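Presented below is the structure to which this report refers.
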Amino acid sequence: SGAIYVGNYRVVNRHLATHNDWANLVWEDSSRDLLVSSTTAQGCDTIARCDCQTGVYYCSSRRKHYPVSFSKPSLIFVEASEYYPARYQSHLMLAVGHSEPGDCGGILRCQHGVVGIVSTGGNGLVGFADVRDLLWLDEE
Ligand SMILES: CSc1cccc(CN2C[C@H](C(N)=O)CCC2=O)c1
Ligand SMILES: [Zn+2]
């Protein structure tokens, strides 16, 4: 579990969105496993606007924050899971590291702010959905 709170927006994994997130939907993309909903209170997170390939992510299944090198956002084949059939997931970055399904929502951050959230994993890899291209998260 986990979310990014920036301005009046809440960014969550699309598969973990609640009834309130869908009722207050701003934007969602099944191919990215992302959903953004509106909030009444202002958030304090800052989204990174950079091309960083090193950062730290939180892994709840180990209660640990791991420093990682990650690939640039790409279209990657992702095996079938409890929430999606086998498909290509877009804007996805991979790192070598631990992840389990319940780790989705864990933040990946670099020196510039939030880069993305855990979305995939398996075989000693962890994948993160990028949010740095969603420039509109910074305004209105
Ligand atoms: C096998 S370890 C692992 C870690 C994180 C996630 C998964 C599987 N998965 C991937 C889904 C997607 N984004 O396509 C989102 C929901 C989900 O449970 C496995
Ligand atoms: Zn950065």
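Quick look at the numbers
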quantity: The chain, helix-only ellipticity at 222 nm - DSSP H runs n ≥ 4, -39,500 (n - 2.57), divided by all residues, nearest 500; calculated: -500 deg cm²/dmol
quantity: Estimated vicinal HN-Hα couplings, Hz - region 132-138 in sequence order (Karplus 6.51, -1.76, 1.60; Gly, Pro = x); calculated: 4, 7, 7, 4, 4, 4, 7
quantity: Neighbour cut-off at most 16 other Cβ (10 Å), DSSP loop, GluC sites (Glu not before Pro), region 1-94; calculated: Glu79, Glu82
quantity: Farthest toward positive dipole pole in the chain [+1 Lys/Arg, -1 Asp/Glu at C-beta], among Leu34, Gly97, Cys110; calculated: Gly97
quantity: Region 3-130 - charge dipole about Cα centre, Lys and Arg +1 at Cβ, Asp and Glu -1, debye rounded to 20; calculated: 300
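Every residue, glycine among them, receives a Cβ derived from its backbone with ideal geometry; neighbour counts consider all protein chains shown. Only the coordinates and a few stated rules stand behind these numbers; no lab work does.
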